Structures are given as C-alpha cells and as structure tokens.
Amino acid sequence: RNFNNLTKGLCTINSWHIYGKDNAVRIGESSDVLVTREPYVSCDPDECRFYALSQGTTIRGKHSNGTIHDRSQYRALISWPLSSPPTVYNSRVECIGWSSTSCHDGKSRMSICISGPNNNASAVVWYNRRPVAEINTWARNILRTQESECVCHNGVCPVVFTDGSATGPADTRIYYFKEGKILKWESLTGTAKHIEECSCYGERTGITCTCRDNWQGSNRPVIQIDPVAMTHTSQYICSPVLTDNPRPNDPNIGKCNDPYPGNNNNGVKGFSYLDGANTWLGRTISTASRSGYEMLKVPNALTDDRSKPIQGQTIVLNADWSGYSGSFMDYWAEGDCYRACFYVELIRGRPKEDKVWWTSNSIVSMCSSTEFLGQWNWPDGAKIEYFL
C-alpha cells in the first residue's frame, strides 16, 4: 500500500445525490441502537463508514436520560458500516473520549480522541488501531478538535485543535501527524478570530477547512493548509451569504478578515466547498435554530464580499431538525476528480424536543453529481411520541 496523494481537483458540482442515511432514531425505537451525537463519515481505501461519539447507552436504555450532556467518561468514537445504524453489536470503538477526528492516509487510519475534565484533558492519537502519541491540554480549558474527518497527503495528516475560551480568544493549533507521530505543530495565524470544529477536505491545491467561530462571528472562518510545507493561512468566507447558526440575515457585503456581528457565543459545526465558480456553501435554513439544511452555489464565496447564490438545493426542510454538518470525500474512488460529499446530523430529543430525556441523532449524507438532479428532502423520520 502507498500513502494517498491529493492529485485531483473537485468534480463539477451541479447538484447533490443521496449517498447514505441510517434512520438511526426510527430503528432505535425498537432495536439496540447507541445514543450518539457529533457524527461524520470517513473512507478507507476499500470501505466508507459512519462515525460518531457514542454516549455509552442505547436510546431505549434508561441511561439515555441526560445525554444532552457533552462530555462524560462513557463517550467513545465509534464507527459502523455505511447507512446501517450505530448498534451495540455492529459498532467498532476507535478510541475513548468526547471530541474526535479520524482519517485514512492510504496505508492505515489515524483516529484521535480527547478525554478528561475541562481543566486537564488530553488527546490520544491512534494509528493502525494502536495508541502512538499523546498531547496534554495547553490552555486547560476543554481541549477539542474537528468532529469530522481529517485529510492526508503523502502520509501527512493535519488536524486542527482548540484549547481555551468558547467566548473569547482561544489557543488554536494545527498539528501535522504521520503514522500517528507528531511531525510539527503551529499556532493559528491569519485573520480568523475564533476557531472550532473544522470541516476539511483535500484536493491538488491543498487542504481547505471551514470552521466555526463561536465568539463573535456568523460568517465562517477558513483555514487553508499546505500539507507539504506544513504551513497554513486563515481568514473568513467573504460572502454575505452567512452560514453559521444562529446568524443575522444576509447583508450585501460580507467580511473577509473579521467576524460578521449580530450573534455572540454560539454557533454550529458546518462546511463548504470553496472552488471558484464551483463553490457551494452549506447552511441551516433557519437563522435562529438548528433546523433545515440547504446547499447554495455561491461563486467565489471565499474571496468575493458581494457574492450571492445562483443555484441551490434543499436537503432538509426548515420544519425538520438538523444539526452539525461536515465534509468528506472518497479519495480512493475511480475517475479524474474528487467527488465532494457531506453529511448532516439530524438531532432528535433535547433541548428542542424535551418530552424525551435523551439527545441523539441520525445521519443523512450526499455527494455531488455533474447532472442537474431533482431534489427531495431528508428528515430523520422518527416520531417522538413513540418514545413516550
């Protein structure tokens, strides 16, 4: 086996087609399905799998009570076969913790989980299913990472971490791993003012990450990483099509180098594909809450502070709950280009649906098509009343 190199451009995105959906909450009403949140998708050279943070209980289990909670000793990164639900019997534990990332370099998979109390957390880096390196908290305030897949080039896999405040300046680092070993780390540079939960993808130009500014911004910060030189820059998506949640209404002029103001101390993990005229942005439909999901074709969104949509696709109706979203691609697929993909976390339960005492999710996932395909909408599909 050889390390994968990022040698192709993105395929032209003219629409999105259904890729996967697990209907986990529907099935878990009467099956041993693990409570999860913060899911993602990641491919190996021979298989693509769903990933998420388990809560160490099933949905019907009495221990599902209180699972709105973010960080406990009972969480772990698990993976399971594409479009199956995360069950007790089919889920593989990658590592123990409450914040994660994972990616395959072409030879083996690296998985990283962070665990610990708020003031003493640590990352353990696994490679080929063995622990290889460990990183202690540097700011003693909830060391945390991407919650979706990392990306590798010629064996080098960059990962973005943040340690420090969720509501002010924090200490973000970009780590460069190879075979789970730390090659290098560097402090965040550039104009992004707050960085959390980066969603990344790679192509011949380099690695692009779209992140969450949890402090002042409702535009999304972007980190662009050169995995060969092991350097990066940062800024914001310039477009006035704002893609954080909650967020103000779309103005006519965005901000390239500072947070767009209006909503403080909140946000959601999200993603984009920034590729000139082939640029597509994801966002919740609601500006107030994690509901609905849409894709919008916004040419040169990264660099054009006046850019507006020229095409779109609804993924989840505004009437339905969404949640986290992130990017992944099958780097090992056939063809001359990388097909852009994404997932949307469909959160059910608390805080929005409080007649149940749990919080979980299901997953829907799409990839791009060069066709102009008809659109459907993709709800979680569970009826909360059945759980009462």
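All residue numbers are counted from 1 along the displayed sequence.
*Higher-scoring stretch by recorded Cα B factor average, 330 to 338 or 343 to 351*: The recorded data point to 330 to 338.
*Quick one: higher average CA temperature factor, 352 to 360 or 37 to 45?*
Between 37 to 45 and 352 to 360, it is 352 to 360.
*In this PDB entry, which of 269, 178, 308, 283 has the top CA B-factor?*
Highest CA B-factor of the listed options: 308.
*Per the PDB entry, which option out of 121, 82, 274, 160 has the greatest Cα B factor?*
If I rank 121, 82, 274, 160 by C-alpha B-factor, first place goes to 274.
*Place residue 61 in the lowest, middle or highest third of its chain's C-alpha B-factors, as listed in the PDB entry.*
According to the entry, residue 61 has a C-alpha B-factor in the chain's middle third.
*Relative C-alpha B-factor of residue 319, binned into the chain's lowest, middle or highest third*: Highest third.
*Among the modelled residues of its chain, does the C-alpha B-factor of residue 106 lie in the lowest, middle or highest third?*
Ranked within chain, residue 106 CA B lands in the lowest tercile.
*CA B-factor ranking of residue 294, expressed as a third of its chain*: For residue 294, whose C-alpha B-factor we compare with every modelled residue in the chain, the answer is the lowest third.
*Report the third (lowest, middle or highest) to which the CA temperature factor of residue 220 belongs, ranking only the modelled residues of the same chain.*
Its C-alpha B-factor, which the entry lists for residue 220, ranks in the middle third among residues of this chain.
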